[PDB]
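*Asks:* Sharing a structure below in structure tokens format, with a few things to ask.
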Amino acid sequence: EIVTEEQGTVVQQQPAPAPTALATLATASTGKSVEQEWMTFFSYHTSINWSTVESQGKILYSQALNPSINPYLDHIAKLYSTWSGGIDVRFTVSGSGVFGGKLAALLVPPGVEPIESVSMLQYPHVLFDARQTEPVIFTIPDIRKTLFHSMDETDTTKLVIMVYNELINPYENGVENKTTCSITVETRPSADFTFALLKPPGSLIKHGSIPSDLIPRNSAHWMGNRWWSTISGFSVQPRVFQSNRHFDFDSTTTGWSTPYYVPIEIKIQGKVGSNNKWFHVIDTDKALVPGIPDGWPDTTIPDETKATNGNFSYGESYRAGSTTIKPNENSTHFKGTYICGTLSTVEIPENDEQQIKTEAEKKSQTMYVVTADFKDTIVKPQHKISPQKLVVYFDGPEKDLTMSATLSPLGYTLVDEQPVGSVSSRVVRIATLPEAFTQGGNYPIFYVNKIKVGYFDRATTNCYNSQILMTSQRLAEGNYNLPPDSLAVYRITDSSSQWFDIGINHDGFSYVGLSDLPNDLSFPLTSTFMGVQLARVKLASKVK
Amino acid sequence: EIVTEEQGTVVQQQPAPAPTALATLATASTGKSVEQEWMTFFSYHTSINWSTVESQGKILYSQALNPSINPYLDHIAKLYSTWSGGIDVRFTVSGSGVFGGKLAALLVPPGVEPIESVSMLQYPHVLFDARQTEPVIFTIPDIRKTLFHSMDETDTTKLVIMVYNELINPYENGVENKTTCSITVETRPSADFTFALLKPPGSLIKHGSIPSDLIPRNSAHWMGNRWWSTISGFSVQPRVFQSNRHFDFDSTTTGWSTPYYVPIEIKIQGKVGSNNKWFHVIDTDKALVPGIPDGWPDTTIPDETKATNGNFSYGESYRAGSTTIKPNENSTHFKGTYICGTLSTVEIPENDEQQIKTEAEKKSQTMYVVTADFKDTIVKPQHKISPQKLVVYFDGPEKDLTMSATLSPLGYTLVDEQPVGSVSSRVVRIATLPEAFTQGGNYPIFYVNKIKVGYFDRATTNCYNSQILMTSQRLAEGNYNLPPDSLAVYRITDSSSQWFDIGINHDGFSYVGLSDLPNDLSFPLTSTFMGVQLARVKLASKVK
Amino acid sequence: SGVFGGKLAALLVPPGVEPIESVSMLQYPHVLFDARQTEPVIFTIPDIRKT
Amino acid sequence: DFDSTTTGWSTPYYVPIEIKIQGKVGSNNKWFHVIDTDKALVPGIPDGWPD
């Protein structure tokens with residue numbers, strides 16, 4: 001016997017009413033009419049502020065065709081794996097009848113990235129005046145070279161709206177008297193829009209999905225990559241770099257820790273006649289790399305020093321004013337290490353010879369972890385990590401003890417006026433060090449955290465990060481698609497009326513269209529995915 | 001001017017092709033036919049194992065009508081706010097022609113919870129034999145007393161399948177020779193099924209949604225409520241209780257910390273001529289309750305002791321064998337406190353009189369936090385927390401220092417053989433202490449963690465939890481609906497072939513249909529939401 | 001043997017999707033043949049492509 | 001409680017109480033302790049023990 005997809009004998013149940021009755025009762029109270037109701041109404045998309053300052057050429061809107069534009073389509077598309085068809089877009093302009101000015105509408109073919117310039121108007125285009133009343137509906141046709149689209153495709157037709165003729169106001173007093181009118185954009189799926197093949201519930205996607213959730217909605221959720229503190233600033237460098245918790249669009253990592261902040265479980269060795277301060281780490285419980293423990297800080301001491309017992313000691317030229325800083329003043333032998341509380345617990349042999357148990361009865365102490373070279377007399381900085389260069393510093397034991405501990409990064413032994421990991425030479429590599437250079441008009445950036453120091457009341461220093469923590473987790477555990485020649489763009493909007501575009505390249509680093517972002521930024525920031533653009537295209541921004 | 005929902009003038013764009021052409025190309029390569037394809041095929045639901053052991057009366061399947069049954073309907077339902085109509089269910093039985101036996105199909109009205117008993121067959125019912133071939137399709141009609149359904153409704157019609165006549169096999173050798181055949185259940189939305197009113201994208205739900213995601217899919221993600229370790233066992237008590245990170249279905253908490261594990265930021269005071277070990281906490285940076293710091297452990301010391309300097313010291317009758325334990329052996333003055341690493345940093349007055357800076361140049365030390373009474377000479381246990389009873393223990397300072405720190409719970413000072421928080425009297429209340437008692441045949445349970453101690457090599461003790469951490473976060477930040485008389489049920493399935501039902505009551509505590517769960521349980525467990533049942537109904541289980 | 005029991009489900013997974021060993025895959029259109037088959041079942045695999 | 005809940009330790013029925021007492025050797029006292037009980041709702045406390 002063969003059972004088809006709907007095959008089966010239907011049996012009637014005794015306690016069952018007449019469907020038609022209840023059916024209409026529903027339709028009646030509910031008002032149900034059509035099925036894909038979203039086909040019968042325009043849904044908000046975005047809005048445009050056309051001011052009298054924007055001159056001829058300025059692009060005020062550039063959207064590419066894609067089911068994502070419509071919240072409804074976007075949701076349904078999740079069940080399917082194919083799409084095709086266009087999407088209608090409605091612009092509703094509302095300016096004074098006294099105004100003057102005209103916008104231009106272009107339809108750019110697929111496979112060609114439009115540039116912002118008047119020369120764009122040397123292409124067939126439609127105009128609509130500022131005093132336009134009834135909304136205009138432009139249909140973005142699905143010009144494609146394939147039989148249908150894949151959920152991962154993004155190179156489609158594009159509708160661009162640009163300033164044709166400057167906005168004018170007869171009452172315009174001058175330049176410092178900007179005037180502006182709004183334009184609201186809405187979408188409605190076109191008659192020929194269609195989702196195609198359904199995909200089995202648990203199946204996986206052979207070609208990753210579009211990266212639209214790599215940067216959380218509110219900066220309130222922007223934890224760091226290096227440190228766990230909440231991001232509170234940016235840094236536009238001509239060259240960004242990092243290797244630990246940094247993750248690739250291919251879900252690969254040159255690091256030794258996962259995209260999470262978990263406690264560190266090491267094991268310290270202590271023999272007699274050895275060192276009584278700096279210790280070597282042996283084995284580990286939780287680790288991604290066979291030897292190096294998950295989470296182990298990716299930084300090393302600035303200069304070489306001897307394994308001498310010491311404590312905090314910063315010159316007077318520090319937190320007593322706004323003076324400068326001299327690398328000589330700070331003489332904290334364990335400068336540069338990462339401060340992290342712990343839970344100590346030494347082992348006891350069946351024949352406790354020395355006063356071991358005496359140590360096992362001692363209160364655990366905060367260690368000062370780090371990665372460096374150790375020859376029992378000197379501690380030299382080594383950025384090439386290995387299951388050997390793992391050293392901790394504190395009071396420690398003396399006899400032949402095998403003390404195991406559980407660390408938890410909390411602070412950092414201050415060193416200079418410069419942020420943590422701002423120097424390549426000091427960043428713990430491991431084989432290779434990922435990096436992202438300036439690309440024409442896009443400069444890479446570092447996400448600035450705030451790590452705690454260890455002597456100055458409750459002060460802290462700035463810590464650099466290669467990517468928001470969520471960005472790392474998603475690139476890690478996810479499967480995203482992005483053509484190397486391009487980058488996933490996001491709109492960062494300030495708590496005021498300031499904003500700038502951030503683009504993530506295939507490697508995993510974020511870029512910006514500026515060579516330096518402003519300091520004054522009401523940080524309760526917000527983000528919104530824009531789409532995928534080319535790297536050789538300067539990113540947008542309305543700062544200053 | 002008034003613009004309707006689709007109003008707008010359509011303008012034709014110059015560079016645009018003929019839609020009809022590309023349209024068909026799609027339809028042709030894609031095979032697109034109907035729109036709600038899920039209306040044309042049965043989708044897997046669940047399966048039933050009918051063995052020759054199950055006797056007349058046993059219910060093998062009891063599903064209530066609800067769009068959630070169908071993965072497709074379930075997804076679409078998210079756009080809407082109303083539903084109504086039935087759903088077809090297909091049973092496909094496959095047993096040997098040599099078998100014998102019959103199952104019964106009932107249709108229970110809404111508003112009546114069926115009980116498992118033969119007396120159920122004294123109700124109209126349909127039978128299908130074990131050697132049935134072609135699948136049978138039962139339609140669950142939507143019998144309702146309202147005009148339509150709300151996404152939060154759950155009290156609908158119910159289809160029950162029960163053993164009518166024991167399964168038989170002529171080759172059945174005996175009792176220890178169980179035989180069994182499979183039955184697979186599938187669903188297909190009925191002709192009259194309909195989603196009704198759409199809901200504005202950002203709007204909120206006035207009546208919370210059904211609790212179907214309160215317990216994660218894999219136990220690998222089951223972190224604790226009290227401790228952050230991964231759950232690894234259960235404990236069926238005649239009375240469960242907790243108050244800290246425990247959350248209510250109303251998103252309320254009688255605790256003082258949020259559903260997350262974040263570092264603790266306190267402030268210790270130290271004056272001359274005071275105590276040199278146990279210290280009082282002053283202010284705090286991060287806290288939910290105005291005075292008590294977020295995360296502060298919810299346990300207190302067992303007995304009263306004097307503020308004397310001490311260290312770990314457990315009798316020999318501990319970790320040297322499998323002996324018992326005497327509360328006299330353990331003389332660790334700070335028994336019961338929570339071990340947690342920290343980052344110390346004392347303040348410096350503009351006129352450092354005493355040797356303050358001398359302290360500011362000292363390596364931070366692990367503190368032993370806890371909640372208790374303090375009169376500088378004696379430390380008595382007090383379960384009624386307040387911004388006063390916050391005391392820490394360690395070496396600390398002596399002069400007039402205002403030392404601020406940042407804690408991080410890592411361990412626990414062992415005390416007895418019993419798990420943490422297993423005693424009401426010791427659990428830090430605050431005004432009231434939530435609890436859940438046995439309910440006829442359902443006994444409340446505790447989720448068992450594994451917290452680290454502080455002296456025994458790398459050993460640990462069991463820690464109790466009132467709810468999986470995710471459960472807490474969701475009840476916290478979410479909006480779920482559940483009639484107090486009922487409880488959200490979940491199927492916990494062992495890595496072998498063992499399983500038991502867990503029901504969460506409105507208060508937030510989980511229950512079980514047994515008075516004691518087995519120890520041997522391959523813990524890579526899995527969970528799957530079953531629905532909402534009454535509390536006066538013993539939960540299912542196939543253990544032993 | 002004609003005395004056995006059991007069903008086997010067949011399904012076509014479109015391109016760009018990797019199947020997994022889960023019953024979830026059955027929450028998709030599928031036909032099924034029985035262990036006690038008489039005459040062979042022929043499934044014809046369509047060539048779904050965008051080229 | 002209205003939901004069959006009881007903060008107590010005994011059932012809504014009056015049934016006999018069964019306990020075990022500890023006989024003291026090195027002492028002459030009249031008050032004895034109870035080791036354990038056989039029938040109980042709450043492990044440890046006998047069902048029906050006075051209020």
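Chain labels follow the order of the structure tokens: the first chain is A, the next B, and so on; residue numbering restarts at 1 in every chain, and ligands are counted from 1 in their shown order.
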Where does DSSP see alpha helix (DSSP H) in stretch 172-389 of chain A, if you list the residues as an NGL selection string?
*Replies:* :A and (357-360)
*Asks:* I want to know what sits within 6 Å of stretch 515-522 of chain B, based on only C-alpha atoms, with residues of the same chain fewer than 4 positions away left out; could you give that as a VMD selection string?
*Replies:* chain B and resid 236 443 494 to 495
*Asks:* Enumerate, as a PyMOL selection string, the complete set of residues in stretch 79-248 of chain B that a backbone-based DSSP assignment places in strand (DSSP E).
*Replies:* chain B and resi 82-84+87-94+100-108+126-129+136-140+149-150+158-168+180-189+194-195+233-236+239-241
*Asks:* So how far away is atom CA of residue B:184 from atom CA of residue B:170, in Å?
*Replies:*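 Going from atom CA of residue B:170 over to atom CA of residue B:184, I get 23.8 Å.
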*Asks:* Any idea what's packed within 9 Å of residue A:243, counting only C-alpha atoms, ignoring anything in its chain fewer than 2 positions away? Could you give it as a list in words?
*Replies:*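 Surrounding residues, per the criterion: residues 241, 245, 246, 247, 253, 254, 255, 256, 298, 427, 428, 429, 430, 432, 433, 434, 435 and 466 of chain A.
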*Asks:* Would you save the residues from that selection as a compact mmCIF listing (two decimals), in the first residue's frame, using N, CA, C and O atoms?
*Replies:*
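Output file result.txt follows:
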```
# COMPACT_ATOMS: atom_id res chain seq x y z
N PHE A 241 42.43 45.40 14.58
CA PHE A 241 42.92 44.02 14.68
C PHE A 241 42.61 43.39 16.02
O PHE A 241 42.45 44.07 17.03
N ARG A 245 38.27 36.49 20.84
CA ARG A 245 36.87 36.19 20.66
C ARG A 245 36.37 36.69 19.32
O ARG A 245 35.17 36.65 19.05
N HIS A 246 37.27 37.17 18.48
CA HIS A 246 36.85 37.66 17.18
C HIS A 246 36.51 36.49 16.27
O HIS A 246 37.26 35.51 16.16
N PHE A 247 35.34 36.60 15.63
CA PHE A 247 34.83 35.59 14.72
C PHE A 247 34.60 36.05 13.29
O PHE A 247 34.17 37.18 13.01
N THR A 253 37.52 30.92 13.90
CA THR A 253 38.20 31.78 14.88
C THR A 253 39.65 31.43 15.03
O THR A 253 40.00 30.26 15.21
N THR A 254 40.50 32.45 15.02
CA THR A 254 41.93 32.25 15.19
C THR A 254 42.25 32.36 16.66
O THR A 254 43.41 32.38 17.06
N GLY A 255 41.20 32.44 17.48
CA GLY A 255 41.38 32.57 18.91
C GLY A 255 41.44 31.28 19.68
O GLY A 255 41.60 30.20 19.10
N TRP A 256 41.29 31.38 20.99
CA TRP A 256 41.34 30.21 21.85
C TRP A 256 40.18 30.18 22.81
O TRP A 256 40.13 29.33 23.70
N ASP A 298 43.81 38.12 26.17
CA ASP A 298 44.66 38.28 24.99
C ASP A 298 45.57 39.50 24.99
O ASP A 298 45.55 40.31 24.06
N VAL A 427 49.11 42.65 21.48
CA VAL A 427 47.96 41.76 21.37
C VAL A 427 48.36 40.32 21.13
O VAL A 427 49.03 40.00 20.15
N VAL A 428 47.92 39.44 22.03
CA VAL A 428 48.25 38.03 21.94
C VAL A 428 47.72 37.38 20.69
O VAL A 428 46.52 37.11 20.54
N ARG A 429 48.65 37.10 19.79
CA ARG A 429 48.36 36.46 18.53
C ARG A 429 48.32 34.93 18.89
O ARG A 429 47.96 34.58 20.02
N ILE A 430 48.68 34.04 17.97
CA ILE A 430 48.67 32.59 18.23
C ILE A 430 49.17 31.81 17.02
O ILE A 430 49.47 30.62 17.12
N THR A 432 48.36 33.70 13.62
CA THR A 432 48.05 34.81 12.71
C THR A 432 47.19 35.80 13.46
O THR A 432 46.50 35.44 14.41
N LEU A 433 47.25 37.06 13.04
CA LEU A 433 46.47 38.10 13.68
C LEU A 433 45.53 38.81 12.70
O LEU A 433 45.96 39.65 11.90
N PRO A 434 44.23 38.48 12.76
CA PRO A 434 43.23 39.09 11.88
C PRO A 434 43.33 40.60 11.96
O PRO A 434 43.68 41.16 13.00
N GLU A 435 43.01 41.26 10.86
CA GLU A 435 43.09 42.70 10.85
C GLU A 435 42.30 43.21 9.68
O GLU A 435 42.00 42.47 8.74
N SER A 466 37.11 44.29 19.03
CA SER A 466 37.01 44.17 17.57
C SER A 466 35.57 44.02 17.09
O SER A 466 35.26 44.24 15.91
```
*Asks:* So the first atom is atom CA of residue D:19 and the second is atom CA of residue B:442; what is the distance between them in Å, to one decimal place?
*Replies:*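 According to the coordinates, atom CA of residue D:19 and atom CA of residue B:442 are separated by 26.7 Å.
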